[PDB]
Amino acid sequence: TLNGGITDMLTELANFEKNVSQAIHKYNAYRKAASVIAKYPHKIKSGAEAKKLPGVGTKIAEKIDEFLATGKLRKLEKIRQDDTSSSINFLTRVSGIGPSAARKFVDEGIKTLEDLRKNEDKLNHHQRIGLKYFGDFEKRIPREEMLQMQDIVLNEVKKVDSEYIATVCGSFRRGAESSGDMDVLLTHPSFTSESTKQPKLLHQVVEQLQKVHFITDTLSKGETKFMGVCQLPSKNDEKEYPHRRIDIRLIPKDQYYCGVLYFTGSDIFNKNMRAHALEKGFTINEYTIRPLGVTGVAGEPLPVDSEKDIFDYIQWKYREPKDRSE
DNA sequence: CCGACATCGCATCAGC
DNA sequence: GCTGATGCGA
DNA sequence: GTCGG
Ligand SMILES: Cc1cn([C@H]2C[C@H](O)[C@@H](COP(=O)(O)NP(=O)(O)OP(=O)(O)O)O2)c(=O)[nH]c1=O
Ligand SMILES: [Mg+2]
Ligand SMILES: [Mg+2]
Ligand code: NA
Ligand code: NA
């Protein structure tokens, strides 16, 4: 990355607007801008040069001019010195503590890691686990470990029912040399868009993974989505592996391609592709791609037989997962 | 200019 | 208990 | 914050 300084600045601004200002559209704006700059194959010389890129307007162009000249942004320098901002920005790093909860905690005088550890009774279950593994969850996962994790998940799933198919998606499927967590897409022939012929399909998989002590904690768990914690087994006298975030998503078998497109991401890629879909008169979610009728309201799900079919509908050239890391 | 901006599962809560 | 909104993270 | 209609 030739423009690391700029993209870091924009990411920190994005995080500010999300956590502190609670302005999700400003968060999205900064992150779109950071993304379009990150893939720009020249070392940016000026704000004007950057402004040519879609997503970079006048305000960000001016910030880039300040940053290139001085190596800093006064706006960020001030944000970093603001106590409420600093407090909120820290608290939100705990999984389960969002922008609203963070402000509420600060109001109640709970604003440090130590404050959290003595007020565990004021956290909900998710927050409690996020606190427990606060350190572990900010560690990246080497692809080598992702492979061991994949190996365990796929084989344990096979043991429950050989007709399950588990696909690791997210940054892993995009070929990343490290990941922030593990994302698993799960299908079973019994569960389609037409019916659910067996209950507990996701539950039985989670149970098996708990049984072999791979899954260690549960943040949330419903009929189709599990969000939790896992850990690789270590050997005698070895320091234990860090605990890792794992998500498992059960998607109707006949909707696998929309499902795998969604869970492969990246999140910015999905946002941009779905935005483009809307411009082309379609709407895309993890289940279907549907036309938007004369109404403005989604019609019937269109035939999809590959990821590429989805690209074709919105008139995009196909892009392999490795080229979706926006 | 000017607000529309992708989309959704689960946990939680207010209101009835 | 049901419904719908909100917070949160994906 | 940005940008298309
Ligand atoms: C956060 C997020 C994720 N997703 C989809 C695309 C992501 O690739 C996929 C998994 O979410 P993630 O684990 O938060 N992101 P990742 O797997 O691409 O990257 P990382 O290595 O986990 O950080 O879910 C969205 O569609 N909208 C989102 O806002
Ligand atoms: Mg991931
Ligand atoms: Mg994930
Ligand atoms: Na621009
Ligand atoms: Na958080």
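Lettering of chains follows the sequences in order, A, B, ..., and the numbering in each one begins at 1. The figures that follow rest on heavy atoms only: side chains count, while hydrogens, waters and symmetry mates do not.
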| Any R274(A) side-chain nitrogen or oxygen under 4.0 Å from OP1 or OP2 of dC5(B) | no
| query | Taking only side-chain nitrogens and oxygens of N285(A), does any of them come within less than 4.0 Å of OP1 or OP2 of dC8(B)? | reply | yes
| request: Would you indicate what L278(A) reaches in the nucleic acid, counting non-hydrogen atoms under 4.0 angstrom: base, sugar-phosphate, or nothing? | output: sugar-phosphate
| query | Does any N or O donor sit under 3.5 Å from an N or O acceptor when you compare the side chain of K225(A) with the base of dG9(B)? | reply | yes
| query | At under 4.0 Å between heavy atoms, what does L219(A) touch on the DNA or RNA strands: base, sugar-phosphate, or nothing? | reply | nothing
| query | With a cut-off of under 6.0 Å to the ring centre and 45° to the axis, is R143(A) in cation-pi contact with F172(A)? | reply | yes
| Any ion pair linking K308(A) and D312(A) (charged N to carboxylate O, less than 4.0 Å)? | yes
| message | Strictly below 4.0 Å: does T224(A) bring a side-chain N or O up to OP1 or OP2 of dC10(B)? | response | yes
| request: Mind calculating the distance between CG (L185(A)) and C1' (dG9(B)) to the nearest angstrom? | output: 14 Å
| Interatomic distance, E12(A) CD vs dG1(D) P [rounded to whole Å] | 15 Å
| query | Over how many whole Å does the gap from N270(A) atom CG to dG9(C) atom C1' extend? | reply | 14 Å
| said: Output the rounded distance in Å from CG (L261(A)) to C1' (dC8(B)). | reply: 15 Å
| field | Crowding at CZ, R117(A) (>12 non-hydrogen neighbours, <6.0 Å) | value | no
| task | Return the stacking result for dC5(B) and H25(A): yes when the ring centres lie under 5.5 Å apart and the planes under 30°, no otherwise. | result | yes
| Which part of the nucleic acid, if any, lies within reach of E223(A) when heavy atoms closer than 4.0 Å are counted: base, sugar-phosphate only, or nothing? | sugar-phosphate
| Protein-nucleotide distance (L10(A), atom CG; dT2(D), atom P), rounded to Å | 10 Å
| query | How is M273(A) classified with respect to the nucleic acid when contacts are heavy atoms under 4.0 Å: base, sugar-phosphate, or nothing? | reply | nothing
| Rounded to the Å, how far apart are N124(A) CG and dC8(C) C1'? | 10 Å
| query | Would you say the side-chain atoms of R245(A) pair up with the backbone N or O of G228(A), donor to acceptor, closer than 3.5 Å? | reply | yes
| Pairwise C1' distance, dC8(B) and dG1(D) [rounded to whole Å] | 25 Å
| field | Intra-strand stack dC10(B) & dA11(B), ring centres under 5.5 Å, planes under 30° | value | yes
| request: Give one of base, sugar-phosphate or nothing for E286(A), where a contact means two heavy atoms less than 4.0 Å apart. | output: sugar-phosphate
| request: Pick the P atom in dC5(B) and in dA10(C), then give their distance to the nearest Å. | output: 24 Å
| message | Between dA4(B) and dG5(D), how far apart are the two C1' atoms, rounded to whole Å? | response | 12 Å
Identify all pairs in which a protein N or O lies below 3.5 Å from an N or O of nucleotides 5-7 of chain C, and state each distance.
none

| said: Applying a 4.0 Å non-hydrogen cut-off, can you work out what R31(A) is touching in the nucleic acid: base, sugar-phosphate, or nothing? | reply: nothing
| task | For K32(A), answer base if it contacts any base atom (sugar-phosphate contacts may also be present), sugar-phosphate if it contacts only those atoms, and nothing otherwise; contact means non-hydrogen atoms under 4.0 Å. | result | nothing
| task | Would you please confirm or rule out a distance under 4.0 Å between OP1 or OP2 of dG9(B) and any side-chain N or O of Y262(A)? | result | no
| query | What is the nucleic acid contact for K271(A), judged by heavy atoms within less than 4.0 Å: base, sugar-phosphate only, or nothing? | reply | base
| field | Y164(A) and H188(A) aromatic ring geometry - parallel, tilted or perpendicular at 30°/60° bounds | value | perpendicular
| query | Regarding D217(A) and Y133(A), is there a side-chain donor-to-acceptor distance under 3.5 Å anywhere? | reply | yes
| said: Regarding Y287(A), tell me which of base, sugar-phosphate or nothing describes its non-hydrogen contacts under 4.0 Å with the strands shown. | reply: sugar-phosphate
| Reckon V36(A) touches a base, only the sugar-phosphate, or nothing at all at heavy-atom distances under 4.0 Å? | nothing
| request: Assign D247(A) to base, sugar-phosphate, or nothing according to its heavy-atom contacts below 4.0 angstrom with the strands shown. | output: sugar-phosphate
| said: Please check: side-chain N/O of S35(A) versus main-chain N/O of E326(A), any donor-acceptor pairing under 3.5 Å? | reply: yes
| message | For the CD atom on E300(A), are there more than 12 heavy atoms of other groups (residues, nucleotides or ligands in this structure) within a distance under 6.0 Å? | response | no
| said: Classify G96(A) by what it touches in the nucleic acid, base, sugar-phosphate, or nothing, heavy-atom distance under 4.0 Å. | reply: sugar-phosphate
| From the list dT2(D), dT7(B), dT12(B), which nucleotide is the closest neighbour of the side chain of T283(A)? | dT7(B)
| task | Kindly assign one of parallel, tilted or perpendicular to the pair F90(A) and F134(A), based on the angle between their ring planes and the thresholds 30° and 60°. | result | perpendicular
